[PDB]
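Below, all heavy atoms of this structure are taken into account, side chains as well, without hydrogens, waters or symmetry copies. Lettering of chains follows the sequences in order, A, B, ..., and the numbering in each one begins at 1.
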Amino acid sequence: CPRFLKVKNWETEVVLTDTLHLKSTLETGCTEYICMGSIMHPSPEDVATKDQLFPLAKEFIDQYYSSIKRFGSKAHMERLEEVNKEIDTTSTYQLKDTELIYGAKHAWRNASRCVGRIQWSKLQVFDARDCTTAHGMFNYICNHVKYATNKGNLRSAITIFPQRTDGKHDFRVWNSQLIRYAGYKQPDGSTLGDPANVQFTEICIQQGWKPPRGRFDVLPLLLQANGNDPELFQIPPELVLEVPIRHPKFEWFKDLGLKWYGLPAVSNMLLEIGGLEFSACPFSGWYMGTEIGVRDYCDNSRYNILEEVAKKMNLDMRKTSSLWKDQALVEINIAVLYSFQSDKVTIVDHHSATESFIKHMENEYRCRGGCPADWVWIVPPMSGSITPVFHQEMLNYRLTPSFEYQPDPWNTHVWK
Amino acid sequence: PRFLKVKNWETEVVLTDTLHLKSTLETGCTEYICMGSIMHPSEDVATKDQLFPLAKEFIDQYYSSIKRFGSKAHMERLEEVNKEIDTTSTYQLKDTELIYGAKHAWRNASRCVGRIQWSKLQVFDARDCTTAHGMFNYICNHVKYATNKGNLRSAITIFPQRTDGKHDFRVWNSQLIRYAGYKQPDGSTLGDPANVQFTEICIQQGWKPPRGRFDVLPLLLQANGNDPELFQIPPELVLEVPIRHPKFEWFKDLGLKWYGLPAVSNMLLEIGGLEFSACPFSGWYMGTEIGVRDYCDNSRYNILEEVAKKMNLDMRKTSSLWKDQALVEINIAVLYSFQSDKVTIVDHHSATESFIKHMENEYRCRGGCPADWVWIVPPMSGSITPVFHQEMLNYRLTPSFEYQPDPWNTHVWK
Ligand code: HEM
Ligand code: HEM
Ligand SMILES: Cc1cc(N)nc(CCc2cc(CC[C@H]3CCN3C)cc(F)c2F)c1
Ligand SMILES: Cc1cc(N)nc(CCc2cc(CC[C@H]3CCN3C)cc(F)c2F)c1
Ligand SMILES: C[C@H](O)[C@H](O)[C@H]1CNc2nc(N)[nH]c(=O)c2N1
Ligand SMILES: C[C@H](O)[C@H](O)[C@H]1CNc2nc(N)[nH]c(=O)c2N1
Ligand SMILES: [Zn+2]
């Protein structure tokens, strides 16, 4: 208890009532005495036990048969019976393809930090549980990228590799995203390319990558299968769609030489379904403009171009109160959105995205009894209070199935 | 129950929080649900029994603050408050405790980005006040001192504490200086839509409204639980700034102005178990409070179409970011205007930068700093300010400013 929880929207006075939070399972890290809502990561070869796994699978199977309006049927009981026996005789169990598709869509649906969840039920699930080698992983991932890119008309997809077993046979993508640019720490302390990727770039070079040492080098895939040491693969360049950034008004903006890739595809999170742990589960969607235009380009520890853009705008940069940073930021974000649209590559501005999410969230409250949301992540990094989410109260809690974080593999891997 | 670390992800600075171990009011979150974006998470007079421990704890931390813990003065100041809660069901704060309590409420204000200034706070003890006329007197002295011809100075005025619920001092205004908002026949709003109800309540009490766009509201002052009385602030005390733009000469043609003095007057100050239901307090503005929220909220002055229209921007699709462009211009105007009229104002880049510096001070000397990221990050340009990337721990320390019910919903007239 309590059975009911109200959220208000302070721009429209609309009030919603949440009962879904009663099904939350994991801890948030908050207590009655302290709130950790702005902490990024709250919360070994160790794996669930038989007794731990029984209730987690039952809970998930019950949920799945509830969703197909067959709860308590004979099929329901026989699925429970089958799974309880696998767990007894093998200490693990295998999802039916229909449960694997359900669990993945619902991990997306339950992702409280995702603003794009109105699309959750339209998600292409690529079952890759038959993969046994890194080459096989590389083939599955290329088909993922091609399907998802779709010549600019991007479609959301996830590829799911074999689940963890004893913890020593994990499948991992070592990339944090399938497509990222490389970062090269120079001897003089400067950074070429993407500073966020300096460490991963160095691991790739050590594993034998020959870097072109440019500003926008796509990194190779580093892929670990069945617990073996990882292996480098170059993504075929014709499968990486990229967009040159230009500005509709400023002639000079193309002279900055900026570009970005089309397909955002997280590959380092763990997918938890019914107590099973899919440690390799790359998933992709399309970009919200500000992810590129504010964070990737203007974060001080990223490409950090505000200074250069402001100079070409001839803004007063001597004091902060001129708001030269804020002016350049908007123009950079107009250019990003202009470029992706002109190339007919799918992208969504932050106004459209937040407005869609408010509608999604209301529908979820209406049809499901709630929608976990992380205000700190849902609100866009620019122009927050002129998007509907800023004024929207949100409840954050953890439903399963879910995408979770997991430690970087180089910290844990045992080299053979 | 450990030390907790917070990390800034831009600078990779890590601070260790021990202070949260001393908090005792609830946040409203649980281990299963986080509520950090709820605005108001969840006869309100404590009895004698609740009151002494609260009081004992406040006196304890006061004497600990002045390096005289367990002293003679401390031993006897305790017995004094014990005896007093006994015989009167309440107790009275010394002048020094009142000032320390007030400054430390500001210091514990998790939602306040401005707290680098917490100890430069002018405290006006108005606990001898007994009537709305006396309240109006103390308030005009506040406004005049805090305005200071444009060199604004932080201040609080503290009216008598709650006793039995029936004798309650309240400023019915949410802020000492606000513009009236008028419901129109055609259904629209002239002036500030945020105060449409309150504007009607003052009309219902005899206020003749100029029905203009920027009408300063009267004070509605309730003393000792009586019906509230209206008062006109002497206009020579209300400092305003006409908003113009340093590039666009058509911006003055918008006819916009705002008041220099932001003064919250609807909150409750809680010190040592005592409740000061009238405690108006004031500082100076961060430019976004006016330029983003007051001017560009939908439920507020809502001037964005107008501005981008005179900027001749493409307003057909959202992805021209025509709202984002017009918002930066409006906020440049606001900052340029105050600075040109030498009225104290702070931009959100400098204010968040100061707050990070304040956070370092507080972790160093106090072992923490409760901070509400949802409220600390500015309503525009978030991730180009240092606070966006700063992890924050939010917890509830007393003394504290609390919310209280709107007065019109509680008051039974006679
Ligand atoms: C289809 C369009 C999509 C849009 C517009 C979108 C948008 C976003 C954005 C802006 C974030 C914040 C990311 C950040 O700032 O780092 C996010 C987070 C996230 N998204 Fe979505 N996303 C989409 C698709 C998906 C899909 C297909 C999945 C999974 C099947 C997904 C799962 C997640 C998860 C788990 C997070 C949390 C990431 C983290 O904690 O680092 N998203 N999304
Ligand atoms: C001196 C300059 C100051 C600045 C620049 C400043 C800035 C701010 C800002 C931007 C907010 C968020 C306001 C909102 O969105 O409603 C805020 C909230 C707050 N401030 Fe400060 N402030 C200052 C002085 C003060 C003083 C003197 C006090 C008390 C003595 C104070 C106590 C508070 C409280 C309690 C809140 C939270 C109000 C709420 O939750 O509604 N501030 N401040
Ligand atoms: C499936 C999916 C769809 C969409 N749209 N976004 C994501 C998040 C991944 C993602 C997020 C961002 C924003 C800036 C990030 C980088 C550091 N800061 C947290 C930049 C990317 F390049 C990226 F790939 C996942
Ligand atoms: C003491 C003190 C100093 C400073 N600088 N700010 C405050 C907050 C008060 C305050 C805050 C705002 C923000 C816009 C509206 C939308 C929500 N919020 C009420 C608009 C004001 F007009 C105002 F007065 C208090
Ligand atoms: C729902 C949410 O709590 C609400 O809109 C908050 C968000 N953060 C805020 N932050 C500030 N500074 N001021 C506000 O009024 C709000 N409103
Ligand atoms: C400190 C804070 O938790 C952290 O910087 C968060 C803020 N909100 C965010 N929101 C999104 N979408 N992505 C982020 O990386 C962050 N970073
Ligand atoms: Zn919380």
Side-chain angles (χ1 to χ4, degrees), chain A residues 5 7-8 10-12 21 24-40 289 294-295 298-301 306 320-323 325-327 329-330 333-334 337 341 349 351-352 355 373-376 379-386 390-398, chain B residues 4 6-7 9-10 20 23-39 287 292-293 296-299 304 318-321 323-325 327-328 331-332 335-336 339 347 349-350 353 371-374 377-384 388-396:
Chain A
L5 287 173
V7 301
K8 178 156 175 178
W10 291 93
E11 171 174 76
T12 72
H21 71 273
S24 69
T25 50
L26 2 160
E27 315 308 281
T28 61
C30 303
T31 76
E32 300 79 3
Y33 280 162
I34 188 165
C35 170
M36 300 208 191
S38 64
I39 297 296
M40 271 236 213
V294 184
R295 307 303 312 281
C298 294
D299 275 19
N300 183 34
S301 58
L306 275 185
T320 51
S321 53
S322 69
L323 306 191
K325 282 193 179 171
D326 321 59
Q327 262 175 331
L329 187 58
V330 180
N333 275 268
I334 297 177
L337 289 172
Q341 292 173 349
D349 63 274
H351 303 283
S352 160
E355 182 171 358
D374 185 336
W375 193 99
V376 168
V379 180
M382 68 181 289
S383 310
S385 71
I386 51 159
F390 179 92
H391 309 268
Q392 174 67 48
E393 293 186 344
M394 291 167 199
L395 292 180
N396 195 12
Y397 49 91
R398 312 261 286 283
Chain B
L4 302 168
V6 298
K7 171 167 173 187
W9 287 89
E10 221 196 346
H20 67 275
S23 88
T24 36
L25 308 177
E26 287 178 4
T27 66
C29 305
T30 78
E31 286 88 335
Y32 295 95
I33 307 94
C34 171
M35 286 197 204
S37 57
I38 310 302
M39 196 172 318
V292 187
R293 306 299 311 284
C296 296
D297 269 7
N298 268 339
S299 57
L304 271 170
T318 47
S319 66
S320 66
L321 303 201
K323 293 190 184 176
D324 317 69
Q325 269 176 119
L327 188 87
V328 174
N331 277 89
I332 288 175
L335 289 165
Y336 172 75
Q339 290 172 353
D347 69 278
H349 296 281
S350 173
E353 193 177 316
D372 188 331
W373 191 102
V374 172
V377 169
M380 89 181 213
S381 289
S383 62
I384 55 168
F388 182 93
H389 314 266
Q390 179 67 53
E391 293 182 348
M392 292 169 200
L393 290 182
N394 194 16
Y395 44 95
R396 188 155 259 291

Using heavy-atom distances under 4.5 Å, tell me whether A:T12 contacts chain B through its side chain, its backbone, both, or neither. neither

Is it the side chain or the backbone of B:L4 that comes within 4.5 Å of chain A heavy atoms, both, or neither? side chain

Going by heavy atoms in the side chains, are A:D349 and A:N333 under 4.5 Å from each other? no

Tightest non-hydrogen contact, residues A:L395 and B:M35, listed as CD2-CG, 3.8 Å

Under a 4.5 Å heavy-atom cut-off, does chain A meet the side chain of B:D372, its backbone, both or neither? neither

When only pairs under 4.5 Å are counted, which of A:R398, A:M40, A:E355, A:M394 shares the most heavy-atom pairs with chain B? A:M40

Nearest 0.5 angstrom please: A:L26 CG to B:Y32 OH, how far? 9.5 Å

Under a 4.5 Å cut-off applied to non-hydrogen side-chain atoms, are A:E32 and B:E31 in contact? yes

Does B:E26 have any salt bridge (charged side-chain N to carboxylate O under 4.0 Å, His left out) partners at least two apart in sequence or in another chain, and if so, which? none

Heavy-atom proximity to chain A below 4.5 Å, by part of B:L327: side chain

For chain B, find which of A:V330, A:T28, A:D326, A:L337 contributes the most heavy-atom pairs closer than 4.5 angstrom. A:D326

Residues in side chain to side chain contact (heavy atoms under 4.5 Å, CB included) contact with B:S383, at least two apart in sequence or another chain: A:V294, A:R295, A:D299, A:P381, B:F388, B:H389

A:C298, A:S301, A:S321: which one forms the most heavy-atom pairs within less than 4.5 Å of chain B? A:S321

Please determine, among A:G29, A:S24, A:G384, A:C35, the option with the most heavy-atom pairs under 4.5 Å with chain B. A:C35

So for B:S381, is it side chain, backbone, both, or neither that comes closer than 4.5 Å to the heavy atoms of chain A? both

With a 4.5 angstrom heavy-atom cut-off, could you sort out which part of B:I33 is near chain A: side chain, backbone, both or neither? both

Does any heavy atom of chain B fall under 4.5 Å from the side chain of A:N396, the backbone, both, or neither of them? both

Can you tell me how far the CE atom of A:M382 sits from the CG atom of B:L321, to the nearest 0.5 Å? 6.0 Å

Which of the residues A:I386, A:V7, A:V379 is involved in the greatest number of heavy-atom pairs with chain B at under 4.5 angstrom? A:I386

Heavy-atom pair count under 4.5 Å with chain B, highest-scoring of A:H21, A:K8, A:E11, A:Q392: A:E11

